[PDB]
Amino acid sequence: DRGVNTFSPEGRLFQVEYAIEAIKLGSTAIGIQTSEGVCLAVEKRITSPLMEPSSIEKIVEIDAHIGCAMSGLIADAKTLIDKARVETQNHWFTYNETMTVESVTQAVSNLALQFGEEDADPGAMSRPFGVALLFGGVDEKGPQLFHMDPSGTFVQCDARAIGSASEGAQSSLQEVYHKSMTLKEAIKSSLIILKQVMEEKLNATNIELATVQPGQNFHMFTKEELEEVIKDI
Amino acid sequence: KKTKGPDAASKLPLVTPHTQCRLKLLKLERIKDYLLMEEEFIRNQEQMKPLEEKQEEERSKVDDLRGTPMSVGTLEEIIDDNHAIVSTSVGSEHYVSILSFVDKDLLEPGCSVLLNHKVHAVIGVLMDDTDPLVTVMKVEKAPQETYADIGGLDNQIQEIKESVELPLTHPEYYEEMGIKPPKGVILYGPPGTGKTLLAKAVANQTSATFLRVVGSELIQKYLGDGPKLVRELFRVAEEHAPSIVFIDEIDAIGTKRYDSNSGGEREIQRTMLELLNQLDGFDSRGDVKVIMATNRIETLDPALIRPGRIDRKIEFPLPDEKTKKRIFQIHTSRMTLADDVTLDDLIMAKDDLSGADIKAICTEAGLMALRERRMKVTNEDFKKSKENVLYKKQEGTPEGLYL
Amino acid sequence: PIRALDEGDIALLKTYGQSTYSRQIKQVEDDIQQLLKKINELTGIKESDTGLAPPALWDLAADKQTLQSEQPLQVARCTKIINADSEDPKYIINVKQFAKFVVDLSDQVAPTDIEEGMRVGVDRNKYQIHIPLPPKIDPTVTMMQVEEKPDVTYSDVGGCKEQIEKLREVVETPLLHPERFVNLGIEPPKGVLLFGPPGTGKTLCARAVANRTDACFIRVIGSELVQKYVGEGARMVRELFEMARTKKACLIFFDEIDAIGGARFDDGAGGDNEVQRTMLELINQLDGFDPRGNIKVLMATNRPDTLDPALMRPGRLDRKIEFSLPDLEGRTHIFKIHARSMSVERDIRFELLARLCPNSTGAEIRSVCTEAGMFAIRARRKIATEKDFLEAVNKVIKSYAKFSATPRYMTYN
Amino acid sequence: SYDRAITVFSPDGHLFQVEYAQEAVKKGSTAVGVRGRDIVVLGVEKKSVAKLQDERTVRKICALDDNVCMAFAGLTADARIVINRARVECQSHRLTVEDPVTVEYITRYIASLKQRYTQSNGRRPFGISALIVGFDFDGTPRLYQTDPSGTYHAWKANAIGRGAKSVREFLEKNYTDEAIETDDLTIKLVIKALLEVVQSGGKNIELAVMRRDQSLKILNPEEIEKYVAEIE
Amino acid sequence: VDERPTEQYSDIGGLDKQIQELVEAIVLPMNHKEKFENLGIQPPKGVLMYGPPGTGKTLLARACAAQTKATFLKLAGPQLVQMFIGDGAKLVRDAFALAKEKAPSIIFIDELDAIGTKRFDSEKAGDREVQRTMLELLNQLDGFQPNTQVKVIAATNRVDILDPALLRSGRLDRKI
Ligand SMILES: Nc1ncnc2c1ncn2[C@@H]1O[C@H](COP(=O)(O)OP(=O)(O)OP(=O)(O)O)[C@@H](O)[C@H]1O
Ligand SMILES: Nc1ncnc2c1ncn2[C@@H]1O[C@H](COP(=O)(O)OP(=O)(O)OP(=O)(O)O)[C@@H](O)[C@H]1O
Ligand SMILES: Nc1ncnc2c1ncn2[C@@H]1O[C@H](COP(=O)(O)OP(=O)(O)OP(=O)(O)O)[C@@H](O)[C@H]1O
Ligand SMILES: [Mg+2]
Ligand SMILES: [Mg+2]
Ligand SMILES: [Mg+2]
């Protein structure tokens with residue numbers, strides 16, 4: 001009944017629609033692209049004080065110039081991250097260069113929606129990945145920010161927020177973001193919006209923040225740095 | 001008028017000590033003393049005050065003019081000041097004359113109107129036509145229980161008290177913020193866990209006009225009588241002053257609606273629709289608050305359980321550890337327990353033990369005691385009750401599947 | 001080994017136990033029980049035989065004048081006339097349920113004053129005709145008009161602007177401004193049926209219309225549409241529409257039409273037979289070889305899927321309106337509307353509660369705004385706080401009364 | 001080769017089969033693990049000794065490696081299988097990396113194994129949640145929990161199976177550096193937590209302890225009885 | 001039908017190949033009766049408009065009206081049923097009456113699915129008067145020879161439930 005590959009009366013796939021819906025349940029994540037660099041922030045959403053907040057990694061590195069922020073079935077995000085890293089290193093090994101952000105996202109996206117049931121593979125994926133990746137990095141073209149939805153659709157975006165607070169996080173990003181914004185201004189604006197959407201009071205332990213700049217590599221802010229920014233924000 | 005007709009009860013201000021004692025004797029004697037005083041005074045003053053020039057000759061005239069066997073009929077489109085149309089039980093439209101005794105006001109269309117047998121003439125109004133099948137649901141002998149009788153349900157009792165008692169006890173507390181007091185709480189939980197006990201508790205300290213329903217007596221066999229008995233019930237409720245109507249076992253008229261094929265399972269649906277319409281529909285609802293009890297909250301049609309019609313869904317669960325000891329204390333008091341039958345042990349073991357189980361164990365325990373010819377319960381008399389009261393129950397997973 | 005209990009055993013058992021004053025206690029309790037009965041018996045339920053106007057306001061006439069009213073002025077019986085033989089004084093009447101007859105016209109009434117179809121006051125004994133009776137206006141049918149203005153405006157109906165505009169396009173403008181529908185000659189759609197999950201304001205918007213209907217807003221009490229005797233329901237609906245076609249711009253609301261309407265069938269007891277007949281009469285009146293006129297119908301249901309097709313098709317109901325769950329902005333506006341009368345701290349962010357209440361309905365938004373200051377009343381404060389509201393949300397919706405996913409369940413991060 | 005999509009999204013964004021497996025983890029036994037300053041303790045509440053069952057073969061605590069052990073709560077057979085796959089991987093990593101596995105690494109492998117069983121074709125989600133403890137090369141004690149969903153996390157302490165949340169709440173209010181000041185306090189801390197769920201106590205809970213250098217040690221019934229008396 | 005509605009066979013869509021079938025059950029046999037006997041074939045005195053909901057049955061009905069000039073006779077399924085036993089009988093008896101009177105006209109029994117339902121019955125039979133009404137209508141239809149000219153056509157949104165007798169031979173026989 002209702003095979004995974006089925007069409008609705010509107011021409012809409014059922015599974016792809018559901019998977020996109022599941023995204024809303026995930027925590028918030030804000031990614032802003034600026035000429036000085038690209039910044040990412042996220043809400044850790046600590047379940048319980050016993051849990052070690054270090055082990056909830058919502059911002060990982062794909063290469064020295066690429067970073068990703070996740071939201072959705074974090075279990076599903078793992079395989080997507082592994083493919084991105086392998087593709088980046090394979091490209092370096094063959095062409096002795098650094099893959100561009102769009103190319104990595106295109107490679108990752110090509111993994112999304114490559115699922116089936118009959119005559120596909122001995123152990124192919126059955127269902128779509130329910131996670132929305134915010135790729136951010138610096139390439140020959142400068143800073144780049146790409147959002148990826150479960151539908152395998154990636155589209156460069158100036159500023160975007162994903163997660164349960166996406167609607168309203170985007171709205172706030174709309175009123176503040178502008179082309180000439182600097183990295184620090186992006187970081188602060190990102191922190192405020194994350195603070196507004198976050199029910200729990202925002203402190204230095206419940207939010208992961210990272211940035212990529214033309215000079216420096218992918219950098220994940222430490223507690224000392226995080227405290228400094230939220231002190232003024 | 002909206003008379004706040006109470007339960008016409010509480011004639012027992014409640015004897016404070018329950019242990020046979022001369023304090024009990026003296027207090028009950030005081031109760032009897034005042035009761036006898038009342039009887040004496042009423043009889044004496046009935047006999048005295050020689051107002052025997054009574055009957056107010058004039059009222060005798062009125063009774064004379066309104067003959068014997070007066071008939072009950074439904075007033076209809078009123079034609080003229082001194083003329084109106086009536087409809088007898090056979091549905092025949094006579095054209096009668098409203099006599100002077102009748103107050104021209106209070107006679108609206110659809111109001112039952114008295115008549116003279118021979119010459120149909122509106123002789124007087126009747127403002128008591130409550131369906132004799134509906135007036136039988138007014139509690140007039142308040143059940144004898146108090147919130148202290150129930151135990152171990154603090155959190156689940158405060159919730160009902162905050163919507164059946166406080167809103168009319170200190171209503172300033174609510175208006176001061178403007179939140180409208182919650183109306184209607186559904187008490188859902190496993191069998192034998194309270195429910196009816198809390199209902200009777202709230203009946204006791206009513207201060208209102210409790211109406212009791214059954215959950216099946218509403219259903220009627222004549223098309224429409226179903227969705228008119230409920231109408232009459234709530235009409236009576238709103239006519240009387242603040243009231244709480246307990247629609248017990250609402251699992252009966254609550255089944256999830258479906259595209260049915262029978263007739264009875266459509267009349268019942270119409271009954272539920274009438275309930276929904278009136279409880280929250282184009283209208284209002286005065287100080288009428290509805291308490292619903294059910295064993296299965298998953299079966300009730302989403303609608304009769306909505307956060308505008310039935311808020312504050314209480315979740316009466318199977319009793320927990322401390323609540324078990326509390327209930328044993330409350331249900332073992334009036335027994336002469338021995339000195340080695342402390343109940344601090346019978347608790348635990350089985351994870352399934354409800355309040356009904358507790359009372360059964362406590363009763364088939366005294367009955368067990370009355371078998372060795374003793375009136376002081378014993379620890380063996382209690383350990384021989386768990387094997388005779390709690391039985392026939394179902395079991396669970398096979399050991400090994402899990403630990 | 002359970003030997004029975006002997007009579008002596010019972011006797012001794014009843015008397016070995018602490019009863020210093022217990023026989024007296026039981027006796028006095030019995031005396032109290034038997035005394036309550038005497039007290040109420042002698043103070044029984046009296047002074048309930050009302051129905052008497054105070055023969056003081058009209059005390060003077062409340063006398064032999066009444067007898068004068070009696071005796072003369074013979075009580076007549078109502079009856080219709082199915083024919084009036086022209087130039088032949090004989091008339092034919094059908095009383096109601098008794099039988100038909102041929103009647104003579106009393107001298108006191110001129111034949112011209114008596115016509116075909118009017119209600120005559122036939123007398124008993126010999127059925128003669130007297131003072132005619134005006135056309136009936138049934139009590140059940142006439143007890144349906146709004147005759148009031150419920151305290152709900154459009155403003156308070158938040159969270160749905162497209163829905164309100166759609167409803168207004170058929171319930172208000174096509175009657176309060178015919179100009180716009182002539183320049184284009186667009187026939188104003190008539191018949192709006194409101195769907196929606198259980199509790200979304202489907203009845204709120206219906207009530208809101210009543211505050212600006214500036215005409216009759218007959219509210220069909222569906223339960224009244226069904227009565228014991230056959231044909232009663234069909235007559236009820238016919239009188240409903242006949243009174244409808246007597247004023248200007250009448251709107252008739254059928255709240256919870258699921259009760260009267262349903263898929264037809266002849267399997268179970270021939271269906272409802274009578275109920276289906278009433279539904280068919282309604283359908284015929286709405287559409288048929290008898291143009292309705294200037295009467296519009298609004299109907300609401302929780303499940304439109306269980307409606308008879310001959311009633312869901314356009315013509316009878318044109319402008320179907322989904323009433324879907326509110327959006328984020330809808331939720332924010334709904335909270336604001338059902339919070340403007342609450343002693344709430346100024347620093348409360350209502351844009352956050354909206355996100356924290358996903359897939360909720362308006363009734364839930366209320367039950368959250370309320371039961372929000374209820375925790376404040378529990379704490380004995382006077383100005384609720386944001387923490388209070390958030391706790392209310394967590395204790396009302398999302399987790400509501402059952403949260404199974406909790407023990408080491410944090411897979412959505 | 002049966003290749004039907006067993007687990008597939010459902011409206012409102014959820015995976016039924018993953019949820020259902022989670023409840024199966026709930027109905028199991030209660031198992032508790034706490035991370036001390038220099039000691040990591042696991043405990044379990046035994047449903048029934050049965051007075052005939054040989055306690056040897058019903059152990060619900062096992063050693064994946066000399067420096068890693070775990071406790072679970074859920075379908076036993078699913079638990080035995082998962083342990084075997086972890087054991088072979090631990091040796092394989094030892095073979096290649098030439099170093100003992102890390103608790104974080106093995107947790108990722110086991111978690112990655114479960115994640116592959118929910119998404120795969122013609123397969124059922126593993127009905128177990130595992131608590132993995134061990135001392136890394138640096139010596140820092142580690143505690144990891146894995147759910148059937150494949151999500152894994154690092155904890156100071158937590159409880160799975162029947163009577164999980166209540167126990168965890170007990171852990172949350174009662175966990176502190178002072179309680180983790182001494183090894184005995186940690187061990188007693190565990191027992192009280194299980195006693196919060198299990199009734200009999202002393203004879204209904206099996207306890208195990210792992211130290212920095214010493215391998216896994218299972219507390220004898222006498223030792224468990226002694227600690228229970230000390231708490232009382 | 002005093003109002004005599006104003007439909008014409010250009011305000012109606014797709015009604016060809018069935019509009020003519022109604023024509024030769026309404027207008028031709030009544031207008032030019034002679035040439036039907038010219039051969040000796042009469043179009044049965046009944047046409048049933050079976051068709052899914054809201055397909056246009058009443059549309060073609062009012063089309064046959066207006067352009068009939070024969071005092072169209074109109075009825076209603078639910079209207080037939082009445083309260084006091086036999087009142088529906090009088091209604092139906094008269095309805096087929098006053099048809100011989102004002103001889104030229106055609107009767108359309110809308111919502112026929114209600115007045116006549118499959119021959120279910122109640123052991124009490126107290127609520128079985130509708131069956132008596134339907135049998136009365138059937139009798140009237142039977143007592144009708146093509147010599148007289150008063151046609152009858154009716155619509156049934158659900159041909160399933162109609163009593164499989166109103167379609168026997170000479171009662172409603174032509175189907176559109
Ligand atoms: N916690 C409790 N404390 C005191 N008495 C209790 C408790 N739980 C149950 N009982 C007793 O159990 C008896 C059985 O009736 P009870 O009112 O409890 O049933 P119920 O929960 O309403 O059942 P039902 O599911 O049939 O509606 C009552 O006399 C009540 O006093
Ligand atoms: N969008 C909204 N904005 C403001 N108030 C709303 C909204 N939706 C619902 N409400 C509130 O919900 C309350 C309860 O609604 P009610 O149950 O009377 O009607 P309904 O939603 O149409 O449901 P039903 O299906 O029972 O007719 C109303 O008093 C109304 O104020
Ligand atoms: N084939 C058609 N072409 C054009 N208009 C049509 C057609 N069928 C119906 N209509 C329009 O539908 C409107 C509503 O009535 P309609 O003719 O649909 O009823 P119906 O199909 O005869 O109904 P029912 O069979 O339920 O009695 C009419 O005003 C008519 O103009
Ligand atoms: Mg009751
Ligand atoms: Mg409604
Ligand atoms: Mg077909």
# chains A, B, ... in the order shown; residues from 1 in each chain; ligands from 1

call {"tool": "residues_around", "arguments": {"residues": "region 139-141 of chain C", "least_positions_apart": "3", "cutoff": "7 Å", "atoms": "only C-alpha atoms", "output": "tab-separated table (two decimals) with N, CA and C atoms, in the first residue's frame"}}
result
chain	number	residue	atom	x	y	z
B	76	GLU	N	-51.07	29.17	22.51
B	76	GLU	CA	-50.64	29.36	21.13
B	76	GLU	C	-50.77	30.82	20.75
B	109	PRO	N	-46.27	32.40	24.07
B	109	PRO	CA	-46.53	31.20	23.26
B	109	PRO	C	-45.64	30.06	23.71
B	110	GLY	N	-46.20	28.86	23.72
B	110	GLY	CA	-45.48	27.69	24.15
B	110	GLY	C	-45.46	27.45	25.64
C	144	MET	N	-37.32	31.12	16.79
C	144	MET	CA	-35.99	30.88	16.25
C	144	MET	C	-35.22	32.15	15.93
C	239	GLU	N	-42.46	25.65	6.88
C	239	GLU	CA	-42.81	26.89	7.55
C	239	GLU	C	-41.58	27.75	7.75
C	240	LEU	N	-40.44	27.13	8.01
C	240	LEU	CA	-39.21	27.91	8.13
C	240	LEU	C	-38.97	28.73	6.88

call {"tool": "residues_around", "arguments": {"residues": "residue 359 (chain C)", "least_positions_apart": "6", "cutoff": "9 Å", "atoms": "only C-alpha atoms", "output": "PyMOL selection string"}}
result
chain C and resi 325-327+398

call {"tool": "interface_residues", "arguments": {"of": "chain A", "to": "chain C", "cutoff": "7 Å", "atoms": "only C-alpha atoms", "output": "list in words"}}
result
residues 25, 26, 27, 47, 71, 72, 73, 74, 165 and 197 of chain A

call {"tool": "write_last_selection", "arguments": {"atoms": "C-alpha atoms", "output": "JSON list (two decimals), in the first residue's frame"}}
result
[["chain", "number", "residue", "atom", "x", "y", "z"],
["A", 25, "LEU", "CA", 10.42, 19.75, 15.06],
["A", 26, "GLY", "CA", 14.18, 20.33, 15.09],
["A", 27, "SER", "CA", 15.87, 23.15, 16.98],
["A", 47, "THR", "CA", 17.09, 17.93, 27.31],
["A", 71, "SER", "CA", 18.25, 20.32, 12.22],
["A", 72, "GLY", "CA", 15.91, 17.33, 12.04],
["A", 73, "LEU", "CA", 16.65, 13.64, 12.50],
["A", 74, "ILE", "CA", 20.17, 14.17, 13.79],
["A", 165, "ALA", "CA", 11.51, 28.84, 14.68],
["A", 197, "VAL", "CA", 12.88, 32.20, 19.51]]

call {"tool": "residues_around", "arguments": {"residues": "residue 214 (chain A)", "least_positions_apart": "5", "cutoff": "10 Å", "atoms": "only C-alpha atoms", "output": "count of residues only"}}
result
11

call {"tool": "residues_near_ligand", "arguments": {"ligand": "ligand 1", "cutoff": "10 Å", "atoms": "only C-alpha atoms and all ligand atoms", "output": "number ranges by chain"}}
result
B: 145, 147-154, 187-201, 248-249, 293-296, 316-320, 323-331, 353-360

call {"tool": "closest_atom_pairs", "arguments": {"of": "chain B", "to": "ligand 2", "cutoff": "8 Å", "atoms": "only C-alpha atoms and all ligand atoms", "output": "JSON lines"}}
result
{"residue": "B:276", "atom": "CA", "partner": "ligand 2", "partner_atom_place_in_ligand_line": "26 (O)", "distance": 7.0}
{"residue": "B:277", "atom": "CA", "partner": "ligand 2", "partner_atom_place_in_ligand_line": "26 (O)", "distance": 7.2}
{"residue": "B:280", "atom": "CA", "partner": "ligand 2", "partner_atom_place_in_ligand_line": "18 (O)", "distance": 5.5}
{"residue": "B:281", "atom": "CA", "partner": "ligand 2", "partner_atom_place_in_ligand_line": "18 (O)", "distance": 5.4}
{"residue": "B:282", "atom": "CA", "partner": "ligand 2", "partner_atom_place_in_ligand_line": "18 (O)", "distance": 7.2}
{"residue": "B:303", "atom": "CA", "partner": "ligand 2", "partner_atom_place_in_ligand_line": "26 (O)", "distance": 6.7}
{"residue": "B:306", "atom": "CA", "partner": "ligand 2", "partner_atom_place_in_ligand_line": "17 (O)", "distance": 7.9}
{"residue": "B:308", "atom": "CA", "partner": "ligand 2", "partner_atom_place_in_ligand_line": "14 (C)", "distance": 5.2}
{"residue": "B:309", "atom": "CA", "partner": "ligand 2", "partner_atom_place_in_ligand_line": "17 (O)", "distance": 6.9}

call {"tool": "write_last_selection", "arguments": {"atoms": "N, CA, C and O atoms", "output": "PDB file, in the first residue's frame"}}
result
ATOM      1  N   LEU B 276     -23.550  18.708  22.164  1.00  0.00           N
ATOM      2  CA  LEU B 276     -22.481  19.612  21.760  1.00  0.00           C
ATOM      3  C   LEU B 276     -23.024  21.002  21.497  1.00  0.00           C
ATOM      4  O   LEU B 276     -22.476  22.003  21.981  1.00  0.00           O
ATOM      5  N   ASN B 277     -24.107  21.082  20.721  1.00  0.00           N
ATOM      6  CA  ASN B 277     -24.678  22.369  20.359  1.00  0.00           C
ATOM      7  C   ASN B 277     -24.966  23.165  21.605  1.00  0.00           C
ATOM      8  O   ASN B 277     -24.553  24.323  21.734  1.00  0.00           O
ATOM      9  N   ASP B 280     -21.698  24.106  23.927  1.00  0.00           N
ATOM     10  CA  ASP B 280     -20.939  25.226  23.364  1.00  0.00           C
ATOM     11  C   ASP B 280     -21.424  25.491  21.939  1.00  0.00           C
ATOM     12  O   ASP B 280     -20.899  24.906  20.988  1.00  0.00           O
ATOM     13  N   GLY B 281     -22.406  26.371  21.803  1.00  0.00           N
ATOM     14  CA  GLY B 281     -22.886  26.760  20.499  1.00  0.00           C
ATOM     15  C   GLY B 281     -23.495  28.138  20.547  1.00  0.00           C
ATOM     16  O   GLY B 281     -23.402  28.842  21.554  1.00  0.00           O
ATOM     17  N   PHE B 282     -24.138  28.514  19.443  1.00  0.00           N
ATOM     18  CA  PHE B 282     -24.742  29.833  19.351  1.00  0.00           C
ATOM     19  C   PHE B 282     -25.771  29.931  20.458  1.00  0.00           C
ATOM     20  O   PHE B 282     -26.854  29.348  20.364  1.00  0.00           O
ATOM     21  N   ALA B 303     -14.627  16.573  20.064  1.00  0.00           N
ATOM     22  CA  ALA B 303     -15.706  17.538  19.963  1.00  0.00           C
ATOM     23  C   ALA B 303     -16.339  17.666  21.335  1.00  0.00           C
ATOM     24  O   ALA B 303     -16.343  18.746  21.931  1.00  0.00           O
ATOM     25  N   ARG B 306     -13.151  19.092  23.933  1.00  0.00           N
ATOM     26  CA  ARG B 306     -12.469  20.182  23.269  1.00  0.00           C
ATOM     27  C   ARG B 306     -12.155  21.248  24.305  1.00  0.00           C
ATOM     28  O   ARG B 306     -12.888  21.382  25.294  1.00  0.00           O
ATOM     29  N   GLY B 308     -12.827  24.151  24.786  1.00  0.00           N
ATOM     30  CA  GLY B 308     -13.738  25.266  24.921  1.00  0.00           C
ATOM     31  C   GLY B 308     -15.037  24.802  25.537  1.00  0.00           C
ATOM     32  O   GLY B 308     -15.888  25.599  25.936  1.00  0.00           O
ATOM     33  N   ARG B 309     -15.185  23.488  25.606  1.00  0.00           N
ATOM     34  CA  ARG B 309     -16.386  22.836  26.098  1.00  0.00           C
ATOM     35  C   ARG B 309     -16.100  21.964  27.305  1.00  0.00           C
ATOM     36  O   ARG B 309     -16.873  21.969  28.270  1.00  0.00           O
TER      37      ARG B 309
END

call {"tool": "residues_near_ligand", "arguments": {"ligand": "ligand 3", "cutoff": "7 Å", "atoms": "only C-alpha atoms and all ligand atoms", "output": "ChimeraX atom specification"}}
result
/C:287-288,310,315 /E:11-15,53-59,155,157

call {"tool": "residues_around", "arguments": {"residues": "residue 132 (chain E)", "least_positions_apart": "6", "cutoff": "12 Å", "atoms": "only C-alpha atoms", "output": "ChimeraX atom specification"}}
result
/E:80-82,85-90,92-93,115-117,119,121,125-126,138-139

call {"tool": "write_last_selection", "arguments": {"atoms": "N, CA and C atoms", "output": "mmCIF file, in the first residue's frame"}}
result
data_model
loop_
_atom_site.group_PDB
_atom_site.id
_atom_site.type_symbol
_atom_site.label_atom_id
_atom_site.label_comp_id
_atom_site.auth_asym_id
_atom_site.auth_seq_id
_atom_site.Cartn_x
_atom_site.Cartn_y
_atom_site.Cartn_z
ATOM 1 N N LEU E 80 -45.375 14.820 -0.508
ATOM 2 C CA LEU E 80 -46.421 13.809 -0.566
ATOM 3 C C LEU E 80 -46.702 13.237 0.814
ATOM 4 N N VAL E 81 -45.652 12.871 1.546
ATOM 5 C CA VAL E 81 -45.841 12.248 2.848
ATOM 6 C C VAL E 81 -46.527 13.235 3.783
ATOM 7 N N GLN E 82 -47.495 12.746 4.560
ATOM 8 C CA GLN E 82 -48.267 13.615 5.434
ATOM 9 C C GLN E 82 -48.512 12.929 6.772
ATOM 10 N N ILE E 85 -52.988 9.644 8.784
ATOM 11 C CA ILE E 85 -53.021 8.539 7.837
ATOM 12 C C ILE E 85 -53.972 8.867 6.701
ATOM 13 N N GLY E 86 -53.513 8.653 5.473
ATOM 14 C CA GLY E 86 -54.332 8.863 4.307
ATOM 15 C C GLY E 86 -54.306 10.265 3.748
ATOM 16 N N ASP E 87 -53.688 11.220 4.446
ATOM 17 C CA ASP E 87 -53.572 12.565 3.893
ATOM 18 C C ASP E 87 -52.684 12.572 2.659
ATOM 19 N N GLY E 88 -51.570 11.843 2.702
ATOM 20 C CA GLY E 88 -50.793 11.643 1.494
ATOM 21 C C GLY E 88 -51.581 10.920 0.422
ATOM 22 N N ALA E 89 -52.462 10.007 0.828
ATOM 23 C CA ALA E 89 -53.322 9.345 -0.141
ATOM 24 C C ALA E 89 -54.189 10.359 -0.862
ATOM 25 N N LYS E 90 -54.810 11.264 -0.109
ATOM 26 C CA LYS E 90 -55.610 12.313 -0.731
ATOM 27 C C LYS E 90 -54.751 13.183 -1.635
ATOM 28 N N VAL E 92 -52.034 12.416 -3.303
ATOM 29 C CA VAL E 92 -51.673 11.730 -4.541
ATOM 30 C C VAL E 92 -52.897 11.519 -5.419
ATOM 31 N N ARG E 93 -54.002 11.073 -4.819
ATOM 32 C CA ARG E 93 -55.233 10.894 -5.572
ATOM 33 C C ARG E 93 -55.582 12.168 -6.316
ATOM 34 N N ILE E 115 -40.615 9.362 -1.800
ATOM 35 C CA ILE E 115 -41.989 8.878 -1.743
ATOM 36 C C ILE E 115 -42.038 7.379 -1.965
ATOM 37 N N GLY E 116 -41.116 6.847 -2.757
ATOM 38 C CA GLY E 116 -41.061 5.421 -2.980
ATOM 39 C C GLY E 116 -39.700 4.836 -2.683
ATOM 40 N N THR E 117 -39.624 3.995 -1.663
ATOM 41 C CA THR E 117 -38.398 3.319 -1.279
ATOM 42 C C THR E 117 -38.603 1.817 -1.390
ATOM 43 N N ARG E 119 -39.087 -2.093 -0.968
ATOM 44 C CA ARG E 119 -40.227 -2.599 -0.204
ATOM 45 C C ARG E 119 -39.783 -3.200 1.133
ATOM 46 N N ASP E 121 -40.396 -3.005 5.181
ATOM 47 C CA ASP E 121 -41.631 -2.829 5.928
ATOM 48 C C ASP E 121 -41.362 -3.013 7.412
ATOM 49 N N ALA E 125 -45.929 -1.827 11.151
ATOM 50 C CA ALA E 125 -46.602 -1.242 9.998
ATOM 51 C C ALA E 125 -47.239 0.108 10.306
ATOM 52 N N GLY E 126 -47.065 0.623 11.525
ATOM 53 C CA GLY E 126 -47.606 1.934 11.844
ATOM 54 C C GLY E 126 -46.952 3.044 11.044
ATOM 55 N N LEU E 138 -48.776 4.117 -7.936
ATOM 56 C CA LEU E 138 -48.595 3.051 -8.910
ATOM 57 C C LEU E 138 -49.920 2.674 -9.545
ATOM 58 N N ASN E 139 -50.972 2.570 -8.736
ATOM 59 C CA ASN E 139 -52.280 2.235 -9.277
ATOM 60 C C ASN E 139 -52.732 3.288 -10.269
#

call {"tool": "interface_residues", "arguments": {"of": "chain C", "to": "chain E", "cutoff": "12 Å", "atoms": "only C-alpha atoms", "output": "VMD selection string"}}
result
chain C and resid 94 96 to 99 227 to 238 263 to 285 287 to 291 308 to 316

call {"tool": "closest_atom_pairs", "arguments": {"of": "chain C", "to": "ligand 5", "cutoff": "8 Å", "atoms": "only C-alpha atoms and all ligand atoms", "output": "CSV"}}
result
residue,atom,partner,partner_atom_place_in_ligand_line,distance
C:199,CA,ligand 5,1 (Mg),7.6
C:201,CA,ligand 5,1 (Mg),7.7
C:202,CA,ligand 5,1 (Mg),6.0
C:203,CA,ligand 5,1 (Mg),4.2
C:204,CA,ligand 5,1 (Mg),7.7
C:255,CA,ligand 5,1 (Mg),6.1
C:256,CA,ligand 5,1 (Mg),6.3
C:300,CA,ligand 5,1 (Mg),6.6
C:301,CA,ligand 5,1 (Mg),7.3

call {"tool": "residues_near_ligand", "arguments": {"ligand": "ligand 4", "cutoff": "9 Å", "atoms": "only C-alpha atoms and all ligand atoms", "output": "short mmCIF file (atom, residue, chain, number, x, y, z; two decimals) with C-alpha atoms, in the first residue's frame"}}
result
data_model
loop_
_atom_site.label_atom_id
_atom_site.label_comp_id
_atom_site.auth_asym_id
_atom_site.auth_seq_id
_atom_site.Cartn_x
_atom_site.Cartn_y
_atom_site.Cartn_z
CA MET B 137 -32.38 13.65 38.23
CA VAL B 139 -30.29 15.15 44.01
CA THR B 196 -17.57 8.65 41.15
CA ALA B 199 -18.30 13.31 42.03
CA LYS B 200 -20.10 12.54 45.26
CA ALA B 203 -22.03 16.88 45.41
CA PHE B 210 -26.59 19.21 41.48
CA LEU B 211 -28.22 17.29 38.64
CA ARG B 212 -27.33 13.63 38.20
CA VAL B 213 -27.48 11.80 34.87
CA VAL B 214 -26.67 8.24 33.92
CA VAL B 245 -24.62 18.50 35.92
CA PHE B 246 -22.69 15.23 36.11
CA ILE B 247 -23.16 13.31 32.85
CA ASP B 248 -21.70 10.07 34.15
#
